[PDB]
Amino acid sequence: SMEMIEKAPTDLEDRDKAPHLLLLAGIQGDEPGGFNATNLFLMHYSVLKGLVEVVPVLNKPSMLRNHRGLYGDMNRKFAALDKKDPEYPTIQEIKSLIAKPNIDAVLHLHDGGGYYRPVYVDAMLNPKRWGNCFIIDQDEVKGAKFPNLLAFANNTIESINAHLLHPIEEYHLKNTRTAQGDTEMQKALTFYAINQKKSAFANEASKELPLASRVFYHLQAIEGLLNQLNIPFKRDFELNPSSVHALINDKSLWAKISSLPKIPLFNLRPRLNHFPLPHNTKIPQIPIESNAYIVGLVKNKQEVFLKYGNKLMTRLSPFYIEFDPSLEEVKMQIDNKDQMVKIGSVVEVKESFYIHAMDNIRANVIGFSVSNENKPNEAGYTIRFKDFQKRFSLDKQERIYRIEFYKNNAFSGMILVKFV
């Protein structure tokens, strides 16, 4: 369920004019710095020459359950691995990406407890900790396009250390010298990459940091490495923790579930009741689109959670039903003017709306009621904001309401009205 997304120049011909980086995060599902950094990179950066291939979350099932690894430690599965392991197919996908001839370098992002120090200081600051370090398996990889791992790492670290938020967050180099006997790292992703003659690096941001600070450091590491590779790029924001926080918590983010209208990710009520979902369909098979890359659905008891990374955006209490795709549009009067409103759209209303009757279709405006009928048809009513019971809104702001259409016990679609 992981996916690779390309960040490429507009002109295909420019792809071969600078190096190619494979950027990977989310091998552990409870390390949101890494997968929020890949998400922001995908949403807000442009690559002008060369290519950056991104797997924003390697372990998506585990991310959805805020779990380090549902099927074990995915980053110990790159050497010996039983074909029956549930993640065996995913590991082969990742290995195939790493080993492609077009890839020159690999950057793997993680979050880790404490702060790495080369010497022991205390329980939080010591050599067994991984927070805020930039990691190589060895100094050099003979046969790579860019064999000088140590020089790249030192220069990337220098770049990150020019932008520290507090001196305790200073980055240090960790060279695990993996081939010489680090049996754990011999099973990990970056060692596999070195063995395919790729330049491979890992960045670990401290779990002691708030998310926006972790993401800040991961973005510094990405930029530092891109600069070393001479992959030119732009971003549409200033790289500081306040801007990172604003971009993670962006009110323009949305999720489109199945053929339903887009809903905002943020400021939803915590529970959406009687929420139509296609019947006879496993939750991971329900289509979901977003302008973010780390959104999904997951079952929890009798609810379906909408997830944005590790963040719970709402709890759907599903109404499983056949989705009949026959209805494409509905005639509505909006602020006195008829228009044909597409099923699955959001229509802004300043004053009022009225749904024209349809022969075999009933409309239920959720939050509007004329009687206590259990299958209402609310076509033919002129409806204003003041007619709604506000607690039925999708949003905490009480402006967005669902209109659901039904045809003979099947669901014919939804339109949202947004009062502006």
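All residue numbers are counted from 1 along the displayed sequence.
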**Request:** Establish whether the other compared PDB entries of this protein leave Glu373 unmodelled at least a third of the time.
**Result:** yes
**Asked** Do the CA atoms of 104-112 or those of 236-244 have the higher mean B-factor in the entry?
**Response** 236-244
**Prompt:** Should the higher mean CA B-factor in the entry be assigned to 408-416 or to 395-403?
**Reply:** 408-416
**Candidate residues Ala179, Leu164, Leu219, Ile194, the one whose C-alpha B factor the record puts highest** = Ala179
**Asked** Of the choices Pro264, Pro287, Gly296, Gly224, which one's C-alpha carries the largest B-factor in the record?
**Response** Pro287
**Asked** Lowest, middle or highest third: where is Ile5 by Cα B-factor in its chain?
**Response** lowest
**Complete:** Tertile call for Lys187 (CA temperature factor, within chain, third-based) is the middle
**Message:** Among the modelled residues of this chain, does the Cα B factor of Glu140 put it in the lowest, middle or highest third?
**Reply:** highest
**Fill in**
Quick tally, chain-level thirds of C-alpha B-factors: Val346 sits in the middle
**Prompt:** Is the Cα B-factor recorded for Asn374 in the lowest, middle or highest third of its chain?
**Reply:** highest
